[PDB]
Undergrad: 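Below are the structure tokens for one structure; questions will follow.
Hydrogens, waters and symmetry mates play no part in the numbers below; they use all other heavy atoms, side chains included. In the text below, chain A, chain B and the rest are named by the order of the sequence lines, each starting its count at 1.
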Amino acid sequence: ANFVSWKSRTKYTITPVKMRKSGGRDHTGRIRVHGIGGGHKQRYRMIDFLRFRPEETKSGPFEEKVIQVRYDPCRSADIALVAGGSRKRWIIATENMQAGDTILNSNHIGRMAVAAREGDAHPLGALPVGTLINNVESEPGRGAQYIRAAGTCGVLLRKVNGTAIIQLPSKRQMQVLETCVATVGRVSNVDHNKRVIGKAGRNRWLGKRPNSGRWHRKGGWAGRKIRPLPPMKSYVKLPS
Amino acid sequence: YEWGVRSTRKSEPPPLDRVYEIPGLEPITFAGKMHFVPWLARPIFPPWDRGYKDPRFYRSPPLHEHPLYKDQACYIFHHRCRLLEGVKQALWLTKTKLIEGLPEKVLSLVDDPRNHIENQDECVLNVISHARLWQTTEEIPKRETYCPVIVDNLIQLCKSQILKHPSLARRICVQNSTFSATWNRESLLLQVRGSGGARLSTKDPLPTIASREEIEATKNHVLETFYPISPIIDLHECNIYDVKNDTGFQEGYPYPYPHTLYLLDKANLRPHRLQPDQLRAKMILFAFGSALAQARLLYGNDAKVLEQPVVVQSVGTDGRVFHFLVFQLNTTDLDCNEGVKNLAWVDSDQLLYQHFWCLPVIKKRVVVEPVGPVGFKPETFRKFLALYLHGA
Amino acid sequence: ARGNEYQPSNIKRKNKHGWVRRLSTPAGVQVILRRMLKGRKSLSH
Amino acid sequence: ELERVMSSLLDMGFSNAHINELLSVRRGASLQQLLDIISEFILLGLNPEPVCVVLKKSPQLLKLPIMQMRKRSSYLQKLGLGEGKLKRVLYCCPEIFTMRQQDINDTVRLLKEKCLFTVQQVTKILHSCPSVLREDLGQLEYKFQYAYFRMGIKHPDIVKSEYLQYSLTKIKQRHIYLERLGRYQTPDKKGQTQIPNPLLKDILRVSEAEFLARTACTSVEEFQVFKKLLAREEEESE
RNA sequence: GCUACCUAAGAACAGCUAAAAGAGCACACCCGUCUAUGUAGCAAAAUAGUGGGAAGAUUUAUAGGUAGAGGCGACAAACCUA
RNA sequence: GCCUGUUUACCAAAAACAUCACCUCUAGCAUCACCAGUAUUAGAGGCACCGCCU
RNA sequence: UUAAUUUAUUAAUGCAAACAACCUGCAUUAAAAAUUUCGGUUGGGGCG
Ligand SMILES: [Mg+2]
Ligand SMILES: [Mg+2]
Ligand SMILES: [Mg+2]
Ligand SMILES: [Mg+2]
Ligand SMILES: [Mg+2]
Ligand SMILES: [Mg+2]
Ligand SMILES: [Mg+2]
Ligand SMILES: [Mg+2]
Ligand SMILES: [Mg+2]
């Protein structure tokens, strides 16, 4: 197929980008993921997941003003247009982020624990143990990848040496260098669980389509079965 | 995270043939064949020179080599720039103090009923109805059509006062005029390249509104600042620019003095339309730019407090909502935040009419709202007429 | 109900069976070569 | 330096008594290695005094390469053995950090693929009885299939009552005795039995006395004779 | 170029009732419940009446994509040029 | 059978399929699907809206 | 499908090979498959 990814834009921008739906299809044109197709046309707002991104020819901790908090069609979380210095960027909004609020993005690992105010980003080394966090990086400067969905919140479980133990929302422990940045608080749109789809049409609007033949293997779906050993073959299906 | 996936990035050229790595021998390529063959070496073609020269096949040089390129980056405000902080940002950029409401000097010009137009409300209602309903064979005219129409018809209605005011003969509304003004603000050099439209030029400069005492009183006022938003935000940071002050006209032009800048936000789509605050900011910046170009043309290119302040008006409208501005530039010493400050009187969100019903709404076969404007406000047209009559 | 499976459109015809698409693959080139060998008046569509 | 190590151990929750105990425990182990090992152990969620007890019991852990120690700790965290879970594991079988990654992985893969145990069930089994890791493959599969097919037990019950902890010899000795006595019946194709079978706690958890008095209702002499007979039967079969 | 699903960018949806609805009645439009006709027929699946939906998980034009043990499938082994 | 929908083009429109709702299982993660997403997420399977008594 | 035959291919491991990644060869276990078959007598079928 003549499929070229829509994710071709190279320069970050605030303008929503026209994104092409896939239908669950590979670049080969064959269905790779079932149950995807249609839905409301959407525009993609490029999220800057690296909260500590000091502006060009600038460095050090910087503050930013929350211009607005907006619904994002491409996420469970709602996003925040936030402006600092002479630039604007989209970030993931925390639970109580409001328009006009101020946000701190620092790389400073203070000797003492920094007062953790919801919404600001500090290196994990600077946070008190037991603080709720989100938008957690795996490596310093990689960019947030974990705890990004609406209402999610990891816990800074431990800090020893230069390594911090985080409890991901799946209640799995993760080891990250304490120099990696995370933002304080739980992600916004905390009521995303309680939303009721109500009707099949709403899922169709969200772009989920009812799809069958999801396995493509001979015989379709087949649950795993325990293959009895030769000694145990005599007891597999004992008649009544 | 890097933007732009590999599959969309330009493909890496195929590796060079190993024959090119062997020093002593000349590879045999398909260059002589004048066409590709897969079993011969790929030629290394020298770059082609005569290409990016033809006018229809031209490549501009890199920005570094352009004549007006400058290492110091100017911040330009053009017609399609939307200030984040709006009026506050414009006030900081222009070193201006805001005053709510139009000045009494201009507001009094319409208090007496002699200046009131005969059949004023009837004519204004006809203008609104023509712009919004009767303009075209189409049932509902779009904003791109009814904003310029409403502005031009209101201007004609005001110009009809030439009977009472013969001084109105010494003015003309020019279109597509473009001005440019540069000035410094705390080592930041800002330019305004105002294009807009409908510059009302007069043969005589407008009288100053603020007295010497008020201009000096502006010293105490502190210029409001916003943090962490820099005042530069949403201004085009450009290294290619011209620091010349252009008033938009050749020397010797009759009607040299700007009187009113009519800015109209006629975009059909709300996202393409300025917010009211951003429109007021654009009005402030364009009035300041025209006033500054006039000041640099008259009293030379010297930063100083103006002995004779330059007054420029502006009306910024979306077709329904109007904003009126009188800007007094009384200082070309903009770099410092201290001293006498320019001052702008702004009247905001003066809506000519609340809503217009192009179709008669019918509920249960009963006409509820008749066709036409609802909530028409003659006061806004009074203010418009006052601004037009100022200086006459 | 059936029989009208052909809903003509010259864009689809040329894009599906045209000379350029035939030459775009080695298999289609062999299609054209077979038609030339047979002596077809119309090599492609 | 010893200064840095002492400051770190003053941090991390360790008291001076345990710090001195561990310093004495050092069998030519560099202070840097000891600090790294203790740091990894408390990263795994283990408290300072269980860390001290474990290092006392098995000083060999301090000899582990830090790369291997970190890899094993990450693997255990992925397997879910962490915080208070790792404590009883490091007591019952402290050699998990010394076992081969391949051995642990193949035990887990046998439990999941060839035995159809959920991830949570695998974590519960490892937490309850780490002797499964010591137990060789093949034998473990035979034990599980004995529970599943011949005994008619399901995964939730096999996990609830730590069937995999008990020895295969004991399991067969009791189950075959019950079956030949007729007090235990393999569930049919429908999964039903004429009489409800005794519970696995009543079969394996209890001692021989109550096992023969309440579940089997037979005599200890008869049970001993049956055990010897079953040993002969197994030897002849194999 | 049928059909199934998808992609891009379009278009259509009277009137009444109701009021922001996978709402009601009912045109266009889509479908195909029942009956009759037809059965080499007008038709290799139609006609007439009746009936279901008809602002939506709708219908639909255009261009593109997925290819045979493969595709596609709100699974009927349905559909992929009778 | 929860509902509106879908299906055997051409003998079956249904109680069948789907469906909101719920449950189970799997997955700690970047530059071609999932997804420019990150466990309130994604994928798969089951069941049947809902509500009550145990 | 607990019919027979395979595991070429993938996925895991192991051992060699190249000095961790990656890759080659040889094994073992799986997944996915592939190929192939359906003796005779007894109204038929079950159990024979
Ligand atoms: Mg068609
Ligand atoms: Mg309608
Ligand atoms: Mg309806
Ligand atoms: Mg369908
Ligand atoms: Mg079926
Ligand atoms: Mg139904
Ligand atoms: Mg229905
Ligand atoms: Mg049919
Ligand atoms: Mg039918």
Side-chain angles (χ1 to χ4, degrees), chain A residues 1-9 17-38 41 44 46-47 49 74-77 135-136 138 142-154 166 168-174 186-187 189-205 209-218 220-221 223-224 227-228 230 233 236-237, chain B residues 1-9 364-365, chain C residues 1-13 15-16, chain D residues 78 102 105-106 109 113-114 118-120 137:
Chain A
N2 55 4
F3 175 93
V4 61
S5 180
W6 74 269
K7 311 167 186 182
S8 67
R9 175 170 298 264
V17 187
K18 186 176 74 173
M19 50 179 299
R20 286 195 263 101
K21 298 169 178 301
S22 65
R25 267 83 165 158
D26 284 314
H27 62 278
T28 61
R30 303 196 174 190
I31 288 173
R32 180 94 165 271
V33 182
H34 289 82
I36 299 170
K41 183 175 167 177
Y44 178 69
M46 313 174 95
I47 305 304
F49 288 103
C74 302
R75 286 168 181 74
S76 45
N135 299 134
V136 171
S138 169
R142 187 167 179 84
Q145 288 184 269
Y146 309 81
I147 319 170
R148 274 165 43 164
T152 55
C153 56
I166 304 306
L168 292 165
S170 73
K171 288 163 171 48
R172 185 178 182 277
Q173 276 74 26
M174 187 187 187
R186 73 190 302 170
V187 181
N189 201 22
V190 68
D191 282 337
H192 200 248
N193 283 130
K194 302 181 188 294
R195 189 264 304 275
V196 178
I197 301 298
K199 58 171 184 162
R202 185 163 281 98
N203 264 348
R204 303 297 315 269
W205 306 340
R209 92 188 194 284
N211 204 351
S212 283
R214 294 189 183 235
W215 276 102
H216 286 250
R217 58 175 305 278
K218 194 178 67 174
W221 161 249
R224 287 179 172 182
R227 322 195 314 186
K233 290 230 183 179
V236 185
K237 297 290 180 172
Chain B
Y1 192 87
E2 302 299 324
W3 302 103
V5 300
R6 283 190 305 268
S7 63
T8 59
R9 298 190 176 283
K364 302 302 180 190
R365 294 177 179 87
Chain C
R2 306 303 307 277
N4 61 342
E5 286 84 38
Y6 185 53
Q7 299 297 308
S9 60
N10 283 293
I11 299 178
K12 287 190 179 293
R13 197 171 49 81
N15 289 359
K16 274 145 162 33
Chain D
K78 182 181 287 186
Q102 310 309 331
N105 182 220
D106 63 42
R109 207 186 321 108
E113 276 75 0
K114 305 192 188 72
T118 70
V119 171
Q120 186 173 355
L137 310 186

Undergrad: Which part of the nucleic acid does A:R217 contact within heavy-atom distance under 4.0 Å: base, sugar-phosphate only, or nothing?
TA: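 A:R217: backbone/sugar contact only, no base atoms under 4.0 Å.
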
Undergrad: Is F:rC25 paired with F:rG43? Use Watson-Crick or G-U wobble and require both distances under 3.5 Å.
TA: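 WC or G-U pairing between F:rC25 and F:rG43: yes.
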
Undergrad: Of the options E:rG65, F:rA36, E:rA63, whose atoms approach the side-chain atoms of C:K12 most closely?
TA: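 Closest nucleotide to the C:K12 side chain: E:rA63.
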
Undergrad: Work out how far the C1' atom of E:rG22 is from that of E:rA54, and round it to whole angstrom.
TA: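 About 13 Å, rounded to a whole number of Å.
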
Undergrad: Determine the Euclidean distance between corresponding P atoms of F:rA30 and F:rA15; express it in Å to zero decimal places.
TA: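 Straight-line distance between the two P atoms is 48 Å.
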
Undergrad: Looking at G:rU5 opposite G:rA12, are both of their pairing distances below 3.5 Å, so that they form a Watson-Crick or G-U wobble pair?
TA: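 Result no; criteria under 3.5 Å not both met.
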
Undergrad: Check every strand shown and say whether A:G213 touches a base, only sugar-phosphate, or nothing at a heavy-atom separation below 4.0 Å.
TA: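 Base contact.
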
Undergrad: Can you tell me how far P in E:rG52 sits from the matching atom in E:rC27, rounded to whole Å?
TA: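 Nearest-Å result for E:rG52 against E:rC27 at atom P: 10 Å.
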
Undergrad: Examine E:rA8 and E:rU62 and say if both key distances are under 3.5 Å for a Watson-Crick or a G-U wobble pair.
TA: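 Pairing holds for E:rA8 and E:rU62, meeting the Watson-Crick or G-U definition.
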
Undergrad: Just how far, in rounded Å, is P of F:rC32 from CZ of B:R9?
TA: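 Nearest whole value for this atom pair: 10 Å.
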
Undergrad: When the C1' atoms of E:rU50 and E:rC34 are compared, how many Å lie between them, rounded to an integer?
TA: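 Going atom to atom, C1' in each nucleotide, I get 7 Å.
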
Undergrad: Using atom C1' in both nucleotides, what's the gap between E:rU35 and E:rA67 to the nearest angstrom?
TA: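 Going atom to atom, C1' in each nucleotide, I get 43 Å.
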
Undergrad: Tell me whether A:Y146 and F:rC29 count as stacked here, given that the ring centres must be under 5.5 Å apart and the planes must differ by less than 30 degrees.
TA: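 Ring-base stacking flag not set for A:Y146 and F:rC29.
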
Undergrad: Of all the nucleotides listed (G:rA12, F:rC10, E:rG1), which has the minimum atom distance to the side chain of C:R2?
TA: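 So the side chain of C:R2 is nearest to F:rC10.
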
Undergrad: Tell me what A:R214 touches on the nucleic acid: a base, only sugar-phosphate, or nothing, going by heavy atoms under 4.0 Å.
TA: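 Contact class for A:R214: sugar-phosphate only.
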
Undergrad: Need one value for A:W215: base, sugar-phosphate or nothing, where a base atom within 4.0 Å counts as base even if backbone is also close, heavy atoms only.
TA: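 Contact class for A:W215: sugar-phosphate only.
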
Undergrad: Which whole-number value in Å describes the distance from B:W3 CH2 to F:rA30 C1'?
TA: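 My rounded result for the distance is 11 Å.
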
Undergrad: What does A:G38 touch in the nucleic acid at a heavy-atom separation under 4.0 angstrom: a base, only the sugar-phosphate, or nothing?
TA: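 Result for A:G38 = sugar-phosphate.
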
Undergrad: For E:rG24 versus E:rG56, give the span between their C1' atoms, rounded off to a whole number of Å.
TA: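 After rounding to an integer number of Å, I get 15 Å for this pair.
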
Undergrad: Could you tell me the separation between the CD1 atom of A:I197 and the CG atom of A:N203, rounded to the nearest 0.5 Å?
TA: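 Between atom CD1 of A:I197 and atom CG of A:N203 there are 5.0 Å.
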
Undergrad: What nucleotide among E:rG73, F:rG37, F:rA36 has an atom nearest to a side-chain atom of A:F49?
TA: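 Nearest to the side-chain atoms of A:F49, counting from C-beta on, is F:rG37.
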
Undergrad: With a 3.5 Å cut-off on both distances, are E:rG64 and E:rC34 a Watson-Crick or G-U wobble pair?
TA: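 No, E:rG64 does not pair with E:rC34.
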
Undergrad: Ignoring the backbone of A:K237, work out which of F:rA39, F:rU31, G:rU2 is nearest its side chain.
TA: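 My answer, after comparing the listed nucleotides, is G:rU2.
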
Undergrad: Applying a 4.0 Å non-hydrogen cut-off, can you work out what D:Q102 is touching in the nucleic acid: base, sugar-phosphate, or nothing?
TA: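 Since only primed, P, OP1 and OP2 atoms lie under 4.0 Å of D:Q102, the category is sugar-phosphate.
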
Undergrad: How long is the line joining NZ of A:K194 and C1' of F:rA21, in whole Å?
TA: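 To the nearest whole Å, that distance equals 15 Å.
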
Undergrad: Quick one: sort the A:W6 and A:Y44 rings into parallel, tilted or perpendicular, breaks at 30° and 60°.
TA: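 Geometry flag for A:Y44 against A:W6: perpendicular rings.
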
Undergrad: A:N193 CG to F:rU41 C1': how many Å, rounded?
TA: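 Result: 11 Å.
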
Undergrad: Please state whether the base of F:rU41 and the side chain of A:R75 form at least one donor-acceptor pair under 3.5 Å?
TA: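 When only heavy-atom distances are counted, A:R75 does not reach the base of F:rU41 through any donor-acceptor pair under 3.5 Å.
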
Undergrad: If you check every side-chain atom of A:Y44, which of F:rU31, F:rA36, F:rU40 has the closest atom?
TA: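 Taking heavy atoms from C-beta onward, the closest nucleotide is F:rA36.
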
Undergrad: For the structure I just gave you, are E:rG15 and E:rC25 base-paired, Watson-Crick or wobble, with both distances less than 3.5 Å?
TA: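 Yes; the pair between E:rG15 and E:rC25 satisfies the definition, which requires both distances under 3.5 Å.
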
Undergrad: Specify the closest pair of heavy atoms between A:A77 and A:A150, including all atoms of both residues, with the distance to one decimal.
TA: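 A:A77 and A:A150 have their closest heavy atoms at N-CB, 3.6 Å.
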
Undergrad: State whether A:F49 and A:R148 meet the cation-pi test: NZ (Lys) or CZ (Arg) under 6.0 Å from the six-membered ring centroid, and within 45° of the perpendicular axis.
TA: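 Yes, A:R148 sits over the ring of A:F49.
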
Undergrad: Counting side-chain heavy atoms from CB outward, which of E:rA63, E:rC72, F:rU19 is closest to C:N15?
TA: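 Nearest nucleotide to the side chain: E:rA63.
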
Undergrad: With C1' as the reference atom in both, quote the distance from E:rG10 to F:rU31 in angstrom, rounded to an integer.
TA: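 One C1' to the other, the span is 32 Å.
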
Undergrad: If we require both distances under 3.5 Å, is E:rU7 with E:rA63 a Watson-Crick or G-U wobble pair?
TA: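 Pair flag for E:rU7 and E:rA63 is true.
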
Undergrad: As a test of reading the structure: which of E:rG65, E:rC5, F:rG37 is closest to the side chain of A:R148, going by heavy atoms?
TA: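 Closest nucleotide to the A:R148 side chain: F:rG37.
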
Undergrad: By the criterion of two distances each under 3.5 Å, are E:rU66 and E:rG32 a Watson-Crick or G-U wobble pair?
TA: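 As far as the geometry goes, E:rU66 and E:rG32 are not base-paired to each other.
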
Undergrad: The side chain of B:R6 is closest to which nucleotide in this list: F:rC32, E:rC6, E:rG68?
TA: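 Minimum distance to the B:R6 side chain belongs to F:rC32.
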
Undergrad: Please pick, from F:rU38, F:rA21, F:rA36, the nucleotide with the shortest atom-to-atom distance to any side-chain atom of A:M19.
TA: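 Among the listed nucleotides, the one closest to the side chain of A:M19 is F:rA36.
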
Undergrad: Test if F:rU6 is paired with F:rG45, treating Watson-Crick and G-U wobble as valid and requiring both distances under 3.5 Å.
TA: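 Paired, no.
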
Undergrad: Of all the nucleotides listed (F:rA33, F:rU31, F:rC20), which has the minimum atom distance to the side chain of B:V5?
TA: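 Out of F:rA33, F:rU31, F:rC20, the nucleotide with an atom closest to B:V5's side chain is F:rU31.
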
Undergrad: Check the geometry between A:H192 and F:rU40 and answer yes if their rings are stacked (centres below 5.5 Å, planes below 30°), otherwise no.
TA: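 Given the distance and angle limits, no, they do not stack.
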
Undergrad: With a 3.5 Å cut-off on both distances, are G:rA16 and G:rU24 a Watson-Crick or G-U wobble pair?
TA: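 G:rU24 matches G:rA16 under the WC/wobble rule.
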
